[PDB]
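Take a look at this single chain, the form deposited in one PDB entry, given in structure tokens.
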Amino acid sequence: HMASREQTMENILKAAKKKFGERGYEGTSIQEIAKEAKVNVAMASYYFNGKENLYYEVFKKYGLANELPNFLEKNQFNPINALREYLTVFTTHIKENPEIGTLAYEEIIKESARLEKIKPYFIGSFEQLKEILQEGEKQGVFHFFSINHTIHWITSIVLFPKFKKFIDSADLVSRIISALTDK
């Protein structure tokens, strides 16, 4: 018989992930999301009350289940291993959730009012990169001209939703580390 409330909301979130991923936050409306979800706009607005909250719920559903552990501490301040773990977790997440790559990239490069609320669901843990790189540089293992340029370089490649069509994930992780460890 009838769909459950949980199923309909899930359908709407799948739709919103898809549509937000295609057209960005600004380029997407609740009307197109409802249409994609095959639900009445009224029902979609009853459950989520607007695209802002729907966007938040997208990051919550398809971002990280939990804040990630500190990779440097987890790897006992072995910077190469910390970075391998960091890169493995994130490239794997983006492989499974390409839209989060696109959306997180946009929020990283252009700070919006939404940042503070969505941060725990992806960007907060993604920001561990800086300390990993500084540690590796400090330990004489990573070599790069600028920390911020290296952060932007990795952010751009790791979050790109179609990276798997250019390069395997495990290879991407290896190649990123190699580029840093080359003296």
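Numbering starts at 1 and runs along the sequence shown.
- According to the PDB record, 43-51 carries the higher mean C-alpha B-factor of the two stretches 43-51 and 56-64.
- In the PDB entry, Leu13 places in the middle third of its chain by CA B-factor.
- Among the modelled residues of its chain, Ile177 has a C-alpha B-factor that falls in the middle third, as given in the PDB entry.
- Among all modelled residues in this chain, the alpha-carbon of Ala37 has a temperature factor (C-alpha) in the middle third.
- Annotation for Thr150: C-alpha temperature factor in the lowest third relative to the rest of the modelled chain, per the entry.
- When the CA B factors of the chain's modelled residues are split into thirds, the value for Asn70 lands in the lowest one.
One more form of this protein, deposited in another entry, exists but is not displayed; see below.
- Domain motion between this form and the one not shown: of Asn66, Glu26, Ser146, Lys38, the residue positioned at the hinge between rigid parts is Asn66.
- Wider separation of the C-alpha atoms of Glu36 and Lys162, by 3 angstroms or more, is seen in that other deposited form than in the present form.
- Annotation for the pair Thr155/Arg23: C-alpha atoms recede from each other in that other deposited form, by 3 Å or more compared with this form.
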